[PDB]
Amino acid sequence: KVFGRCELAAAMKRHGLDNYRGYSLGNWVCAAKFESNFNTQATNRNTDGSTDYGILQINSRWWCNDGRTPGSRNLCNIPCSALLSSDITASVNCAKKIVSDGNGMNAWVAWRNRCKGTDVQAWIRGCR
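Structure below.
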């Protein structure tokens, strides 16, 4: 599923990401925009042999199991494929643990490089 901007905003809010660990909702929408272009089915392989999955590009080394990643810890206790679903519940549940781990949203490279320090509330402009 490719979410619309406000659609995704409303869903992320529903699942409690708005100011989760102090991060305003526009951070999360911006993160999804540039990690996945709002597409829940996005996947991308990484040099260490892991893969990033879903709307927030959650990694198979630490967080989810994809069966082919050396060093896998599966700390969200979930198959990576669950992170590709139209329903973003599993991605949000796992992202909450990621953002809680020590480095906050810096775990998301696209957020760090394209969202962090910007006017992220622009990402929910227009939304009801």
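In case it helps, my numbering puts the sequence shown at residues 316 to 443.
Don't be surprised by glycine CBs; every beta carbon is placed ideally from N, CA and C.
Exposure of residue i, with buried meaning 16 or more beta-carbon neighbours within 10 Å
i	result
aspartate 416	exposed
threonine 384	buried
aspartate 363	exposed
Below-9 Å beta-carbon distance, residue i vs any chain B residue
i	result
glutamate 322	Among the chains of the structure shown, chain B does not appear; only one protein chain is present.
Between the CA atoms of residue j and residue i - distance to the nearest angstrom
i	j	result
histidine 330	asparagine 361	28 Å
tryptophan 377	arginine 336	20 Å
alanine 347	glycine 382	25 Å
Close Cβ partners of residue i (< 7 Å) along its chain, the five nearest in sequence each way excluded
i	result
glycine 441	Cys321
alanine 324	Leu340, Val344, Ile439 and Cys442
Own chain residues within Cβ distance below 6 Å of residue i, not counting five before or after
i	result
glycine 386	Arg376
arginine 388	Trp377
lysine 316	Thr355 and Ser401
Sheet register partners of residue i (DSSP bridge)
i	result
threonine 366	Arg360
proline 385	Looking at the DSSP assignment, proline 385 forms no beta bridge with any residue, so it has no partner.
- Task: Inspect the CB distances between the stretch 395-413 and the stretch 424-431 and report whether three or more fall short of 8 Å.
- Result: no
- Are at least three pairs of beta-carbons, each pair with one atom in the stretch 429-439 and one in the stretch 391-403, less than 8 Å apart? no
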